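First the structure, in the form of structure tokens, and then the observations on it.
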Amino acid sequence: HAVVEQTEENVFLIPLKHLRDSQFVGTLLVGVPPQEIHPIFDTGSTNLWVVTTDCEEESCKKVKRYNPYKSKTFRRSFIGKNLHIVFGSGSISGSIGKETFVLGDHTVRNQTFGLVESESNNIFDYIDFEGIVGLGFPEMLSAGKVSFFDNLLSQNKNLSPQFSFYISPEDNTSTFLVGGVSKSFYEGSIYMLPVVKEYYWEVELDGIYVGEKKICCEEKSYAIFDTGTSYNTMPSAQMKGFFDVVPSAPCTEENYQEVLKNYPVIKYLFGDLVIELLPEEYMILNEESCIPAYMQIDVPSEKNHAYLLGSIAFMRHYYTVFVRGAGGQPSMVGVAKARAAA
Amino acid sequence: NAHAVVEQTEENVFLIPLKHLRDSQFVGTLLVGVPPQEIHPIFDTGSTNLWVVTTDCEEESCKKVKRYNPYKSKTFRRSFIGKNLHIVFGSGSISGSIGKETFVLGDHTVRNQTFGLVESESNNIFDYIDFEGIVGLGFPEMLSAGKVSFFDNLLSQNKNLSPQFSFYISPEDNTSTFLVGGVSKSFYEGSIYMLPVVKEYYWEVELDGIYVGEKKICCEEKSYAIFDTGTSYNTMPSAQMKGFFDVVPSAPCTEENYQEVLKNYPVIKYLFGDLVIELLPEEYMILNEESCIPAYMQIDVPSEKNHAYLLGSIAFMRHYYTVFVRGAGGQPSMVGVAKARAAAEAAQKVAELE
Ligand SMILES: CCC1(CC)CC(=O)N([C@H]2c3cc(C(=O)N[C@@H]4c5ccccc5C[C@H]4O)ccc3O[C@@]2(C)COC)C(=N)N1
Ligand SMILES: CCC1(CC)CC(=O)N([C@H]2c3cc(C(=O)N[C@@H]4c5ccccc5C[C@H]4O)ccc3O[C@@]2(C)COC)C(=N)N1
Ligand SMILES: *[C@@H]1O[C@H](CO)[C@@H](O[C@@H]2O[C@H](CO)[C@@H](O)[C@H](O)[C@H]2NC(C)=O)[C@H](O)[C@H]1NC(C)=O
Ligand SMILES: *[C@@H]1O[C@H](CO)[C@@H](O)[C@H](O)[C@H]1NC(C)=O
């Protein structure tokens, strides 16, 4: 229903390195003179977060912090109001400010963002976290008047409102696409899925199957495309049964091939359209053990009826396009077979 | 499922400048025969017959234009058994004979092209325009005569062109363009949304409702939308039209006063599935002899049972870039719509869909 951009001069590439801490980090230029940070790109949140020298905690000091006092464009915003975000694997606290950003070759001015000052209620002890580039919708902004992406587009009238994700951890060629897609990262056709609610990248979901067993959907369910979690998710209610059909297993570098030759195929249904995940696609080796790359998550608004597709269990196999709609224009998530390496 | 916009060489999309004449006509250039005789036709998505005005019509309204003299063309060919051709529409009628001739459109040549030679123009509106011909861009089923549409035939003989064309309408800055074989990113911004063609006669797509402000004008029954470059106005069925003008009145306006007079008019919302198209008062109103007048007119499409609404060149295409993609077999033809880029000047680089 939408036309994805593909002209090789209007689509810009943001290489994403997959760190050993399970992070897909790009490059972002903060302030003037530019200070370089390596944030993650997140379709499950829209706040833009930067780690700053105001945080002298052990996990902050281990990274290249952004020094706002050396930047000549920094502006403290809502002076005297803190901002606290708590999720499943940690918490993030900080102050609000405005700064100039550079993403690839595009500049953004007067950009609201959060300065990380605390990470204390943790996973930031097991990762080198430097920031988050939020790619959800503006309604999800914990603070600020404009999403970083909407504002980037607002100031770059030549970009189409699209971005896509190519996930290739094997050869570390994962790329973030700004302004469209590329024949290099997918094959076959792109199938468009409408965004039902412009909060997360949320689309209708018609069922889930593990082999012949139907896991879903007895109720109106949804799917959320979240680059911030490497795992696929399932509600608490549904989770005890998933692992019940997808068990762990002993595996080795030379044994994984055989162990998984009996596992079921996971089929996600989006109307008449069926997406398949194979055992070697949804399983992973974790200390001589094959373990379903899945995780339990209850999305509050969705009444524990939302299922998430992560970077490793899904996007690594399916190229994903995100089409941001304007007033009256619906937003879409595009899914295509990822062109796999090696 | 999806279409993509791939770049293409600047010669597989050729641009046809369209001048907006004072008679409300968007006319391009067409070369007929050998030696070339120049005509200035209109390009119409609401018919597919190719019409040329000829020296065979000595009526008062024909002699005012540069008629095509087929007896001077060495490529013109009447068929031994002739076919007469009579077309009657809302603002006049057109009569003529059928013939075959060679055409050049945008430095691309088409041979064996069936076309109608205008011989009569008497019902009349041809008294209000300098009419020289029509390039029909509808589907072949609408051909009054011929085995091959001029567009289908042009592509058939030029394998470098994709079966697409688009329309950029900007009469103010006289940069209106007709594109054959693709699109140009210089003419739109944002994304393009495709709408499937339900019936390959007109360029007709499903329509789910129309709103003037809060008032729902339609649709209690399955209605449709037709993208018709042959009318500068948007149209509406009789049933729905009497109520439109009742809520969208005219008003006295001047070049500097329209801004304020129109700042309270309602917004028209066209609904195409998940897609909502809005027209603002300054976009669907026009200055016509010191009067702001909704650029709308009544039209009943016979086939659609008076349930079709038409989108013209001035009330719609001026604000919404439109791509027309003709589909094959299992793949339907589609109309693509995008927000027109008003600061566009030329067509730097071009591209096609899928
Ligand atoms: C602050 C916005 C967040 C986090 C980015 C909040 C959040 O909780 N998530 C999801 C999520 C992530 C984790 C997790 O530890 N991720 C790891 C992580 C964490 C921080 C920094 C880098 C990394 C690398 C990555 O591996 C655990 C549970 C979890 O739950 C999701 C599905 C929330 O539901 C919608 C988001 N998408 N955005
Ligand atoms: C023969 C093909 C036609 C005519 C081009 C037949 C036709 O009737 N229409 C539509 C249409 C147009 C007019 C009209 O006078 N247009 C003016 C005109 C006329 C002749 C030459 C130049 C110009 C400049 C333009 O302003 C009036 C009613 C009307 O009704 C439409 C909606 C039919 O319904 C689908 C077409 N699309 N093409
Ligand atoms: C226009 O029509 C004529 C006849 O319908 C075409 O001429 C034929 O061309 C083919 C191709 O070589 C020959 O095999 C036939 O013998 C020709 N028949 C004739 C000349 O009577 C002509 O090619 C057409 N023009 C085109 C296709 O551009
Ligand atoms: C910068 O953004 C804020 C956000 O509300 C806005 O109020 C302000 O006007 C912007 N700057 C200028 C110069 O307008």
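If you're wondering about the labels, chains in the structure tokens are A, B, ... by order shown, residues count from 1 in each chain, ligands from 1 in order shown.
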Could you give me, as an NGL selection string, every polymer residue with an atom at most 8 Å away from an atom of ligand 4, counting only C-alpha atoms and all ligand atoms? :A and (110-112 or 144-146)
I need the chain B residues near chain A as a PyMOL selection string; criterion: at most 12 Å, counting only C-alpha atoms. chain B and resi 1-9+183-196+269-279+323+334-339+341+343-344+349-354
Given 8 Å and only C-alpha atoms and all ligand atoms, residues near ligand 3 as JSON, numbers by chain: {"B": [110, 111, 112, 157]}
Please write out the residues within 9 Å of ligand 2 as an MDAnalysis selection string, counting only C-alpha atoms and all ligand atoms. chainID B and resid 23:27 41:49 51 87:94 125:126 129:134 136 202 226:235 297:302 310:313
DSSP-assigned strand (DSSP E) among range 51-207 of chain B, expressed as a ChimeraX atom specification: /B:51-53,84-89,92-105,108-120,133-136,164-168,177-180,188-200,203-207
Show me which residues are within 9 Å of ligand 1 counting only C-alpha atoms and all ligand atoms, and format the list as a PyMOL selection string. chain A and resi 21-25+39-47+49+85-92+123-124+127-132+134+200+224-233+295-299+308-311
Among the residues of range 93-326 of chain B, find those DSSP assigns to alpha helix (DSSP H) from the backbone and print them as JSON, numbers by chain. {"B": [150, 151, 152, 153, 154, 155, 156, 157, 238, 239, 240, 241, 242, 243, 244, 245, 246, 247, 258, 259, 260, 261, 281, 282, 283, 284]}
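Taking CA of residue 84 in chain B as the reference point, CA of residue 56 in chain B is found at 13.2 Å.
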Which neighbours of residue 62 in chain A fall inside 12 Å, counting only C-alpha atoms, when residues of the same chain fewer than 2 positions from it are skipped, and could you give them as a PyMOL selection string? chain A and resi 51-53+55-60+64-65+124-130
Just to confirm, what's the straight-line distance from CA of residue 14 in chain A to CA of residue 174 in chain A in Å (one decimal)? 8.7 Å
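Between residue 127 in chain B and the candidates B:86, B:263, B:72, B:63, the tightest atom-to-atom separation, counting only C-alpha atoms, involves B:63.
Comparing A:305, A:261, A:316, A:75 by their smallest distance to residue 223 in chain A, the closest is A:305 (using only C-alpha atoms).
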